[PDB]
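1. This one's experimental. Sequence and coordinates below.
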Amino acid sequence: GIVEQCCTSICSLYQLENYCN
Amino acid sequence: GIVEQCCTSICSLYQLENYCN
Amino acid sequence: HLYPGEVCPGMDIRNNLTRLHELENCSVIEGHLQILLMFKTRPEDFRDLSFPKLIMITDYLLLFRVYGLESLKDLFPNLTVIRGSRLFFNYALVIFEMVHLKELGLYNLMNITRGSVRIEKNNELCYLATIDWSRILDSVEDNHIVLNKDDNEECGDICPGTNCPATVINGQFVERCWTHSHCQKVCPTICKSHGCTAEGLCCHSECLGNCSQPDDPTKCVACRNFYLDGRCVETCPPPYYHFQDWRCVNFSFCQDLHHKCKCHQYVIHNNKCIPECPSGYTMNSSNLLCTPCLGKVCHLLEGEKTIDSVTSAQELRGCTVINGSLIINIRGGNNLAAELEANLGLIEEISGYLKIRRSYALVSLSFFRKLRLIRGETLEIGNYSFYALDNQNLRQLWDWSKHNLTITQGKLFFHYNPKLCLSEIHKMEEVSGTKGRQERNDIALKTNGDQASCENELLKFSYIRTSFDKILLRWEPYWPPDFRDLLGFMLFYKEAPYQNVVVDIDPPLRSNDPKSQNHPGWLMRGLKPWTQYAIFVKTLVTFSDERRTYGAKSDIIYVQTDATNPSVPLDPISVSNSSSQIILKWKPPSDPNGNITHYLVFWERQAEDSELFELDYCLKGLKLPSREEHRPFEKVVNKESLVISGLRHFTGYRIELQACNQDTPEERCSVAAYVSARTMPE
Amino acid sequence: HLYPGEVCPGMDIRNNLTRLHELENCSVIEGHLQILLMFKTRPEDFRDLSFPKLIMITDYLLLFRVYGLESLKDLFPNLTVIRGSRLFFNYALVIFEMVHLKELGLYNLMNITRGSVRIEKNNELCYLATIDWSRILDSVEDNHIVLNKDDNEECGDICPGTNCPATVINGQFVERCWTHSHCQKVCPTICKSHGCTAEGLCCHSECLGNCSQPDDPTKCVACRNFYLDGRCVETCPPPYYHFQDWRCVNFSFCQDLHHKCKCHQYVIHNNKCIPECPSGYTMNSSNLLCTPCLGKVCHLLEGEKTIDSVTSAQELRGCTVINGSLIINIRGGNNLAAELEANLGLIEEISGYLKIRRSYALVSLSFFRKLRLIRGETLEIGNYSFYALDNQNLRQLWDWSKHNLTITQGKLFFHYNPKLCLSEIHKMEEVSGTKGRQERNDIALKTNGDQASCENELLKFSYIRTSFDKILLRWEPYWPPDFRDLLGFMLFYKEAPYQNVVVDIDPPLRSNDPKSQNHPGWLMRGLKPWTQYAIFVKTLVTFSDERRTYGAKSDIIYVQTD
Amino acid sequence: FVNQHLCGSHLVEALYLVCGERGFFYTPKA
Amino acid sequence: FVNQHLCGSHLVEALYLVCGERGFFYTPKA
Amino acid sequence: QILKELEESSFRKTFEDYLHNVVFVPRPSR
Amino acid sequence: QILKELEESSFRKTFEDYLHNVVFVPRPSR
Ligand SMILES: *[C@@H]1O[C@H](CO)[C@@H](O[C@@H]2O[C@H](CO)[C@@H](O[C@@H]3O[C@H](CO)[C@@H](O)[C@H](O)[C@@H]3O)[C@H](O)[C@H]2NC(C)=O)[C@H](O)[C@H]1NC(C)=O
Ligand SMILES: *[C@@H]1O[C@H](CO)[C@@H](O[C@@H]2O[C@H](CO)[C@@H](O[C@@H]3O[C@H](CO)[C@@H](O)[C@H](O)[C@@H]3O)[C@H](O)[C@H]2NC(C)=O)[C@H](O)[C@H]1NC(C)=O
Ligand SMILES: *[C@@H]1O[C@H](CO[C@@H]2O[C@@H](C)[C@@H](O)[C@@H](O)[C@@H]2O)[C@@H](O[C@@H]2O[C@H](CO)[C@@H](O)[C@H](O)[C@H]2NC(C)=O)[C@H](O)[C@H]1NC(C)=O
Ligand SMILES: *[C@@H]1O[C@H](CO[C@@H]2O[C@@H](C)[C@@H](O)[C@@H](O)[C@@H]2O)[C@@H](O[C@@H]2O[C@H](CO)[C@@H](O)[C@H](O)[C@H]2NC(C)=O)[C@H](O)[C@H]1NC(C)=O
Ligand SMILES: *[C@@H]1O[C@H](CO[C@@H]2O[C@@H](C)[C@@H](O)[C@@H](O)[C@@H]2O)[C@@H](O[C@@H]2O[C@H](CO)[C@@H](O)[C@H](O)[C@H]2NC(C)=O)[C@H](O)[C@H]1NC(C)=O
Ligand SMILES: *[C@@H]1O[C@H](CO[C@@H]2O[C@@H](C)[C@@H](O)[C@@H](O)[C@@H]2O)[C@@H](O[C@@H]2O[C@H](CO)[C@@H](O)[C@H](O)[C@H]2NC(C)=O)[C@H](O)[C@H]1NC(C)=O
Ligand SMILES: *[C@@H]1O[C@H](CO)[C@@H](O[C@@H]2O[C@H](CO)[C@@H](O)[C@H](O)[C@H]2NC(C)=O)[C@H](O)[C@H]1NC(C)=O
Ligand SMILES: *[C@@H]1O[C@H](CO)[C@@H](O[C@@H]2O[C@H](CO)[C@@H](O)[C@H](O)[C@H]2NC(C)=O)[C@H](O)[C@H]1NC(C)=O
Ligand SMILES: *[C@@H]1O[C@H](CO[C@@H]2O[C@@H](C)[C@@H](O)[C@@H](O)[C@@H]2O)[C@@H](O)[C@H](O)[C@H]1NC(C)=O
Ligand SMILES: *[C@@H]1O[C@H](CO[C@@H]2O[C@@H](C)[C@@H](O)[C@@H](O)[C@@H]2O)[C@@H](O)[C@H](O)[C@H]1NC(C)=O
Ligand SMILES: *[C@@H]1O[C@H](CO)[C@@H](O)[C@H](O)[C@H]1NC(C)=O
Ligand SMILES: *[C@@H]1O[C@H](CO)[C@@H](O)[C@H](O)[C@H]1NC(C)=O
């Protein structure tokens, strides 16, 4: 989930790259 | 013990009879 | 007619206004609409952009972080009705984080059926206090509005004059409008159900909100319940079927809807095109009818679901078997319990565990209607089939009269439950039959139910002594089976003109009970006369780590006070409107001190002053001023005035006035108030 | 001379005055004396009854529920000293539930060395305010007096005139006496230790309290430390040995004492006749000397002992190995900690678990000096080797600089420890090496250490602006890893004439940190000029069930205005 | 015969009523 | 690149900086 | 006393979370 | 605030208990 990745953990740019198309 | 028998349980007269000589 | 456009089921629009032209013609969108995340838009991108065709949305509507937009009067001038089948944290209108959005112009919105409206983080929006939500919504206390331009009071959200209804709500008249131009329309107090027309006449019994002609099903604007071919209808005649609570469709329609998942394949029941059949039912190869048969498993995703609102709740609407575990967490502030009940546990079983964590306003669990069995085939960590934490309003679990509970495995976990006393806890242990499982600290024995004395022991008063300034109570001295544990007596008192509902007392010497002459008591001095008081007593005892002797509390009792000599009869005004008539008027005294029986009136004939009889008025200096014993008396009953007759012209009168709160034995009466007067000359 | 009677060690008397004549002649009773449970006694049963022969009791003395007795100046006119080796809940004088007991007349009592005095449930007793305990005891704050005739203020406990010293203590001159006749004797401020004689001259350096002649070891009344044959002595000359901290005996005496358990068989060490040797020692068949050797298992009764006072403590005085479990439960009210340290765990091992339940005044555990290992071979139920509950003053466990801890099995159990913050708890988990055992709610994460801000984070003030009417403080805005959790700033302010040591501020907008122009401030108006103020700030944040971001507190700063 | 949990002077007078005569000695070793 | 736990408008602007162009569609089924 | 406001702020935060969770995964489908 | 008095009363009770425990078993030896 969103805070499960960016607030529980810290998101990477590669993790957010799947949230680019 | 004392409250272990007379307050935790309730003492009987036979139990207190050992506390007669 | 009534709906020239089409359905065009709900698709949500992002990043630019390009896909917005896909949703132009259609008059009532099935589903919902979200508009979100357009950072590269302009205010000029909306001036050439309007959709008057939309009138009603079924489920909800959302606006989220789109730049350049300032209003909605152009994009949706004519949206009118929100049904709200699929809700959104019990909302249906999302106005959120919208930069530059300063106004709405949503005058044509008339009734939102189910749901609420949340407005947040919109630092340009105003014209909001001019919006009566009670005309549009029922539960207006579920509308959260914060972090807006109105929160820093700057907007003059005014209209030029009369038009806009200035209705009193809380302190004064609230002018109701949408823009500086658009007033907020108010239908009268009889056309409220179906709306009103322009002059204010009531519409047809199937219209809703607006109608083009008063009392015409063929000339409404929005249907109340159902639509059928230029007529809003109360029900579907045969062979038509209620589809999604808004229309009547034929058999071939919902028939061929099934043939497209080859996703929500559909069946028929109760003259309704529905998604699925509940338990004990079967499909039909002929007509897809929910036929009864012998013997509904809602298997979860990962056997687990966090449940927080109606949006969570309707996913398990109508389920009978839950093949998983449930988690109840609602950081709330509003009781959704009826709507919670409306789509919940018509079930018996939970295959896994049950969790209840940190929910605030859940006072009870009675919305679990048919809930019987806990399988607990997957346990909560710590080997529990049940969880409970941080429930500030939870008092009752169930009445164990007819509600039952069967728990297969697992244990109980009770912590931080300040309105949940141990009595029903051990009753749940009993009815569960799983009492031979729970270890120490499976129940927090210091936090659970520590805001009110609950359990069993009741004080009983032996004697009551009353006065106008003294109170003594006497009651049976209770002693716990360890008599040393009694620390003292907690007493709560107050006055109470209604009946819709602090000191401490040292315990006496126990020392025997053939004649335990130790009936405890307390004297109160602080009494008001004739005054009703409400008193109850609680027993302060020592906590023990074991099954502690639960301690006693008394009944709330009501004892009224007596009375005494009333105060000074205020403002004696003694006017003589005639030559023998004297009106004496007065105010009630400051302290009636009981129900006032009457007013004791004394008028006394004061003779002329005796020094005037031996003075030579023929000499210059002739300045004349133009001015036990039973005295004549009166008991003025139920009147603050008295005219007195049979009086002398040119005679000054002393008047002694008292009030009286007791008349028949030994009159308790006020102290003397005095005035003097003179009758008119003849 | 100095003690013409005998020892006659302590036996306690019940149900009638018949066995009392066993204890007539004896000068100083070794051990203790209790008199208890005599309902059918009469006031006439005491006028023909007196014992001036007793002067000192070693350990303690107890009076419990004997009727008809009203005074004590006849039964013991000349009891003078209580040493107090074996104590009784840190008391050596028990006067309790004594019907008709109205006065004492215990004027010859001068010093009570170790222990205290507790008085309760004696609704006849008076002359109580006329007793300076500081002349007789040291820790006068450990004396419990309640439920008496003095507690319903009736007794005029006076004396006819001067004699009795009227000394200011708390509010005014307090007349000091025992009866209406017997004054309370006060030695001067130089004869304080060894006592004084009648005219006020100092006694000998080995006397104590009373002396028949001033400055004479052969004409004392009571020895300070040790007695030998008409002389109060500072130590034992050879070939003599200290016995029970009061005398010198030869090898023959303590030798023949051993020959009678064939119960406290004795040995000799450090010129002393002692009961037993500590660990690493060995007896001697010749002279019973604690000889050193290579390699003391105080094996409990059922492996378990509730420990509550010194009376519990001296049973384990000087032990090294505990083959059992300990329960620490002291509903106290007074710090026993020094004397608690004086006879406790010079040990390293505990075979079973350890329990600490509901103890109040225990601020620390530094009295545990040498403890290293817990075997935990018998656990607390619920699989614990360790227990902790309801400790209203406990802050520090140990300094983990030199203190160590080794834990074999079992778990930790932490609840309702309101000044025990989680930092040292996690340090204990670390030094224990048993961090991979504790489940959820083995630590109460709501009640442990919730009375003072502890953990780590410190606010640092960027800017200070003062006036005679204005105060502004600017500090570095801390932000937790979830910036939403910061809800406000708790500030505590007050004035401070010494330096021996309330408002709220909303959080400003974070929104970035290249240039977070959000240095937060509060303006104070309520200033007095020339006045020293003590101000400090706490950060109000959101609780979370996880490892919560501990939050920050500022330093107590002192600002003097114009 | 009371059937109740007992402490204090209640328990004391109960024990004296049970004992009457001698009731209790004090020889643990002698 | 920040190395920090992120929520709210911080996370929103971070996601917009990551996406730039299109970034996210809305076709779960269609 | 005012702890309902304390949980109300967390309610606001949860409302923030859920919309973000809606916005988060319609895009990764691969 | 005054909970030290609350535990002090229990301390008094414990002091009551211990003397009673001393009085209790010197007698049963059989
Ligand atoms: C907006 O229009 C509706 C149309 O009647 C007004 O009435 C509300 O109608 C709904 C639908 O019939 C009612 O809900 C129903 O409640 C029953 C239990 O009472 C439940 O069993 C049904 O399943 C359904 O949920 C609702 O009670 C009713 N409310 C009132 C106050 O009559 C509605 O009042 C209109 N809004 C305004 C602001 O006037
Ligand atoms: C009553 O008489 C004694 C006799 O000297 C007075 O002094 C006290 O003597 C005891 C016995 O030696 C001292 O206790 C010792 O304390 C040390 C630690 O300091 C400890 O290691 C020893 O094992 C022993 O327990 C005590 O400190 C000492 N007190 C003073 C103030 O000198 C005592 O003062 C006399 N009482 C009164 C009220 O005058
Ligand atoms: C919105 O409606 C216009 C008007 O056409 C009507 O709606 C169409 C869906 C179709 O049913 C027509 O017969 C109706 O009269 C649509 O414009 C027409 O689009 C079609 C192709 O989509 C084209 O062949 C026609 O020439 C267009 N006619 C006109 C007058 O422009 C438009 O496409 C509809 N948009 C949407 C999103 O439905
Ligand atoms: C059974 O119903 C279907 C579908 O109903 C249509 O759609 C509804 C939403 C509503 O708009 C109805 O008024 C519609 O009729 C019928 O199929 C349509 O029939 C109309 C006849 O007026 C025709 O113009 C449409 O083209 C048809 N739809 C398609 C996709 O071809 C059907 O005729 C009905 N059958 C009977 C016996 O009533
Ligand atoms: C208290 O002392 C008297 C006096 O006798 C002294 O003490 C004796 C124990 C013994 O050592 C004598 O030599 C001393 O002079 C005791 O009275 C004597 O009792 C014994 C019986 O044991 C008897 O044979 C003597 O005749 C008694 N002598 C006198 C002078 O009365 C008395 O018993 C002592 N009390 C106790 C409890 O020991
Ligand atoms: C070794 O000591 C014993 C015992 O000492 C006696 O008791 C002490 C408490 C103290 O009072 C000493 O003065 C005592 O001597 C001696 O045995 C006793 O000796 C005395 C001598 O006066 C005699 O009257 C006793 O009867 C003896 N006791 C017995 C039971 O017979 C012993 O003499 C001492 N030996 C040496 C060499 O000093
Ligand atoms: C909770 O209870 C279950 C039941 O005994 C424990 O699970 C067992 O664990 C052992 C070994 O770890 C397995 O061999 C069994 O098959 C397990 N049984 C089941 C039903 O799962 C579990 O260890 C307990 N957990 C705690 C924390 O007490
Ligand atoms: C505490 O842990 C011990 C150790 O696993 C458990 O005791 C075991 O119990 C089983 C069956 O009951 C026995 O076969 C083992 O021999 C026991 N081991 C020991 C060391 O005693 C005990 O069940 C646990 N208790 C709780 C409450 O979890
Ligand atoms: C659940 O409870 C229903 C009502 O209980 C009935 O009334 C109470 C007072 C009890 O006496 C109970 O035994 C009665 O039956 C029952 O109709 C139903 O059978 C119960 N179900 C189970 C599984 O116990
Ligand atoms: C017990 O602790 C003693 C002191 O520890 C010393 O100082 C600390 C800072 C550590 O660095 C520690 O390693 C040092 O030894 C030791 O003398 C003693 O060996 C310790 N015993 C055990 C069993 O750890
Ligand atoms: C005194 O008590 C003891 C034991 O209690 C008994 O042996 C003796 O007979 C009693 N004597 C008298 C006179 O009561
Ligand atoms: C609008 O957005 C869609 C989807 O991201 C994209 O295909 C299209 O090119 C965009 N058009 C413009 C003008 O940005």
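-> Noted; the coordinates are in hand. Residues are numbered from 1 along each chain as shown, chains lettered A, B, ... in the order given. Ligands and ions are numbered 1, 2, ... in the order given.

2. Next up, phi/psi of residue C:91, please.
-> Main-chain torsions, residue C:91, degrees, to the nearest 10: phi -140, psi 160.

3. cool, the one 4 residues further on as well?
-> The phi and psi values for residue C:95, taken as degrees, to the nearest 10, are phi -120, psi 100.

4. Can you give me the distance of the residue nearest to residue C:295 when sequence neighbours are not counted to chain H?
-> Distances taken as C-beta to C-beta, 6 or more residues apart in numbering or on different chains place residue C:280 nearest to residue C:295, at 6.4 Å, with adjacent residues excluded. In short, each C-beta sits where N, CA and C put it, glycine included. According to C-beta to the nearest C-beta, to the nearest Å, residue C:280 stands 60 Å off from chain H.

5. And for residue A:5?
-> Taking C-beta to the nearest C-beta, one finds residue A:5 at 47 Å from chain H.

6. how many neighbours does the residue lying closest to that residue once chain neighbours are set aside have?
-> Leaving out its chain neighbours, the residue that sits closest to residue A:5 by C-beta to C-beta, 6+ apart is residue A:11, at 5.1 Å. Using other C-beta atoms under 10 Å in any protein chain shown, residue A:11 is surrounded by 22 other residues.

7. can you check residue C:343 too?
-> 17.

8. Please identify the helix or strand for it.
-> According to DSSP states H and E, residue C:343 maps onto no helix or strand at all.

9. Surely it is in contact with residue C:311?
-> No. Shown here, residue C:343 and residue C:311 do not form a contact pair, counting by C-beta atoms under 8 Å, at 10.9 Å.

10. Show me where the chain has its helices.
-> Picking chain A for this. Remark: helices assigned in chain A by DSSP state H are A:2-6, A:13-17.

11. um, chain E though
-> E:8-19.

12. doesn't residue F:4 make contact with the residue nearest to residue A:5?
-> No. Using C-beta under 8 Å, residue A:11 is not in contact with residue F:4; the gap is 9.9 Å.

13. doesn't residue C:415 make contact with residue C:444?
-> Yes. With contact defined as C-beta under 8 Å, residue C:444 reaches residue C:415; the gap is 4.2 Å.

14. which residues sit in contact with residue G:23?
-> A:2, C:36-37, C:64, F:24 (C-beta atoms under 8 Å, 6 or more residues apart in numbering or on different chains).

15. hmm, 7 Å instead?
-> Shown in contact with residue G:23 (C-beta atoms under 7 Å, 6 or more residues apart in numbering or on different chains): no residues.

16. a helix runs through it, doesn't it?
-> Yes. Assignment of residue G:23 by DSSP: H, G, I helix; E, B strand; the rest coil places it within a helix.

17. mind checking how far it is from ligand 3?
-> With distances taken as C-beta to the nearest ligand atom, to the nearest Å, residue G:23 is found 25 Å from ligand 3.

18. In chain G, what residue comes closest to chain D?
-> residue G:13 (5.4 Å; C-beta to the nearest C-beta).

19. what about residue C:168, how many residues close to it?
-> The tally of other residues near residue C:168 (other C-beta under 10 Å) stands at 8.

20. out of everything not next to it in sequence, what's closest to it?
-> Residue nearest to residue C:168 in three dimensions, not counting chain neighbours: residue C:174, with 7.1 Å by C-beta to C-beta, 6+ apart.

21. quick one, what contacts that neighbour?
-> The contact partners of residue C:174, by C-beta under 7 Å, 6+ apart, come to C:129-130, C:166-167.
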